[PDB]
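A.B. asks: Please work out how this folds:
(chains A and B, ligands or ions: 1)
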Number of protein chains: 2
Amino acid sequence: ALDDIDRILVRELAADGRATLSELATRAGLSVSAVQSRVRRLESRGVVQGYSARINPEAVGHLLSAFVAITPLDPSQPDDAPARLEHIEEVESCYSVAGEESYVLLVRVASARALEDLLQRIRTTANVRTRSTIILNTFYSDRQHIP
Amino acid sequence: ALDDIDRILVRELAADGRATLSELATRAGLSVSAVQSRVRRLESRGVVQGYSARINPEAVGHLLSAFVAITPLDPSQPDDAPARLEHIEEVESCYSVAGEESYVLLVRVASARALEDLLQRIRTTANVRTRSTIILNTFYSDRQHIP
Ligand SMILES: N[C@@H](Cc1ccc(O)cc1)C(=O)O
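C.D. replies: Numbers count the residues shown, from 1 in each chain, chains lettered A, B, ... in the order given. Shown next is the structure:
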C-alpha cells in the first residue's frame, strides 16, 4: 500500500534527504501539511528508516574497507553474532547470506595493521572464522532505486 | 585538516541528516552562521557527498537482494565494467576488490526470477561471468563510524 504520491516523495528524499516540505509539496502537487503528514506516515511504517548524510570515509580516516565473510567456529547455539558485533564500531553492515558462510560484514579501518587487529577482535568476539576481501575502490554506492 | 569541530558535525549529520542548521549549533556551541559555512565547505571539500533518506527495500518490493561477484571474460578488452553497468539501475553499488573476482555488486530485485534475468543482462552488457550470493536478512546497514 504505497500510492503514486508516496513513490514521488521517497524517490525525492532518496535523492535528497534534506528536500524541504515546501519543495516536496510543490513537486507532488500537495500542501505542505499534506506532505508533512504523508512523510510521517512513511516514517512510522518503516518505509523511511532515517536520514543520514553521506560521508566520504577516506576524508575521515577510513583508508581501508573490506568485506569480511564469517562463519561459526561451532555452529551449535542460535546465532549470536550480529548481536555480539553490534558494538564494534568499525563494522558498518552485517548481513546473513546463503551458501557456505553465514554473515558478510562491511568493515572500515585506518590501515592494514588496523585491519589485522580488527579481524582478531571479530574472531574473538563472535567466535567465528573469517574470509576477508579488501575493497580497492568504490565506483558508486547506495544508489537507491524506487521502481 | 578536519578540525574536530567539523568532526562533531559529521557525527551529528550521519546519525541525522535532517538535524537543522540551528539544533546542530546548540550541541556544537556555534552561531547558526558559522555552522552554515563549514557545512558549505564540508560539501565543497568532498567530505559530505550528499543527503539521503534511507528507504527500506522490501517496502518498495525489492524482496531479494544479492552480492554479485563479477569477473570479465576477456582480459584483452579494456576493462570498463563499472561504467558499462552504471546505467542498470538495480545495481546499487559496485566495488573492485582483491579476491577471487574482479568486482562485487550489491543488487536488488523483485524476486529470484527477476535476478536470473538481471544476471543475463549483466553478463551480456559487461562481458562478465557472475557468481552470486543471496542476502537472507540485513541486520544493520550504513552505521557510519567517525573516529
Ligand atoms: N549459510 C546458510 C544460511 C545461514 C545463514 C545464517 C546463519 O546464521 C546460518 C545459516 C545456508 O546457505 O543455508
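A.B. asks: Briefly note if the longest strand seen in chain A comes near chain B.
C.D. replies: Looking across chain A with DSSP state E, the single longest strand is strand A:128-140. Yes - with CB under 8 Å from any CB of the partner chain as the measure, strand A:128-140 is seen reaching chain B through A:133-140. Just so you know, the C-beta spots here come from the backbone N, C-alpha and C atoms, and that holds for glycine as well.
A.B. asks: Over to stretch A:95-106?
C.D. replies: Yes - counting by CB under 8 Å from any CB, chain B has neighbours in stretch A:95-106: A:95-99, A:103-104.
A.B. asks: Please pick the buried ones from those residues.
C.D. replies: Neighbour-count burial within the residues of stretch A:95-106 next to chain B applies to A:95-97, A:103-104; the criterion is 16 or more other CB atoms under 10 Å in any protein chain shown.
A.B. asks: helix, strand or coil for the residue nearest the centre of chain A?
C.D. replies: The centroid of chain A falls nearest to residue A:93 when counting by CA atoms, centre = their mean (5.4 Å). Look at residue A:93: counting by DSSP: H, G, I helix; E, B strand; the rest coil, its state is strand.
A.B. asks: from the chain's centre, how far out does stretch A:98-105 sit?
C.D. replies: Put simply, stretch A:98-105 sits 17 Å off its chain's centre (CA atoms, centre = their mean, to the nearest Å).
A.B. asks: Convert the C-alpha atoms of it to CSV, please.
C.D. replies: Provided in CSV are the C-alpha atoms of stretch A:98-105 (Å, rounded to 0.1, in the frame of the first residue of the first chain):
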residue,chain,number,x,y,z
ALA,A,98,23.0,-18.2,1.6
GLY,A,99,25.9,-20.5,0.9
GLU,A,100,28.8,-21.7,2.8
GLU,A,101,29.4,-18.7,5.1
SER,A,102,26.8,-17.1,7.4
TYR,A,103,27.3,-13.5,7.5
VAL,A,104,29.0,-10.8,5.5
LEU,A,105,30.3,-7.7,7.1
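A.B. asks: Now do the longest helix anywhere in chain A: which elements does it pack against?
C.D. replies: With secondary structure taken from DSSP state H, chain A has its longest helix at helix A:112-126. If you count contacts as 3 or more CB pairs under 8 Å, 6 or more residues apart in numbering or on different chains; DSSP states H and E, helix A:112-126 packs onto strand A:64-72, helix A:81-85, strand A:103-109, strand A:128-140.
A.B. asks: Quick one: work out the angle between that helix and strand A:128-140.
C.D. replies: 130 degrees (axes from the mean of the first three to the mean of the last three CA atoms, to 10 degrees).
A.B. asks: buried stuff in helix A:112-126?
C.D. replies: In helix A:112-126, the ones that count as buried by 16+ other CB under 10 Å are A:115, A:118-119, A:122, A:126.
A.B. asks: does any part of stretch A:21-30 sit near chain B?
C.D. replies: No - using CB under 8 Å from any CB, we find that stretch A:21-30 stays clear of chain B, coming within 10.9 Å at best.
A.B. asks: picking that back up, as CSV, the residues of stretch A:95-106 next to chain B with distance to the ligand would be great.
C.D. replies: Supplementary listing: the residues of stretch A:95-106 next to chain B in CSV, determined by distance: CB to the nearest ligand atom, whole Å:
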residue, distance to the ligand
A:95, 9
A:96, 4
A:97, 6
A:98, 4
A:99, 5
A:103, 6
A:104, 10
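A.B. asks: Need those residues in a markdown table (columns: distance to residue A:76).
C.D. replies: Shown next, in a markdown table, are the residues of stretch A:95-106 next to chain B (distance: CB to CB, whole Å):
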| residue | distance to residue A:76 |
| --- | --- |
| A:95 | 22 |
| A:96 | 17 |
| A:97 | 19 |
| A:98 | 20 |
| A:99 | 20 |
| A:103 | 16 |
| A:104 | 21 |
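A.B. asks: Out of those, the closest to residue A:145 would be?
C.D. replies: Nearest to residue A:145, judged by CB to CB, of the residues of stretch A:95-106 next to chain B is residue A:95 at 18.1 Å.
A.B. asks: Tell me how far stretch A:137-145 lies from the chain's centre.
C.D. replies: Worked out by CA atoms, centre = their mean, stretch A:137-145 lies 12 Å from the chain centre.
A.B. asks: Flag every buried residue along it.
C.D. replies: Judged by neighbour count using 16+ other CB under 10 Å, the buried positions of stretch A:137-145 are A:138-139, A:142-145.
A.B. asks: returning to what we had before: spatially, which two of the buried ones among the residues of stretch A:95-106 next to chain B are the most separated?
C.D. replies: A:96 and A:104 (8.3 Å).
A.B. asks: Count residues in the vicinity of the residue nearest to residue A:70 when sequence neighbours are not counted, would you?
C.D. replies: Excluding its sequence neighbours, the residue lying closest to residue A:70 (CB to CB, 6 or more residues apart in numbering or on different chains) is residue A:128, at 4.2 Å. By other CB atoms under 10 Å in any protein chain shown, the residues close to residue A:128 number 24.
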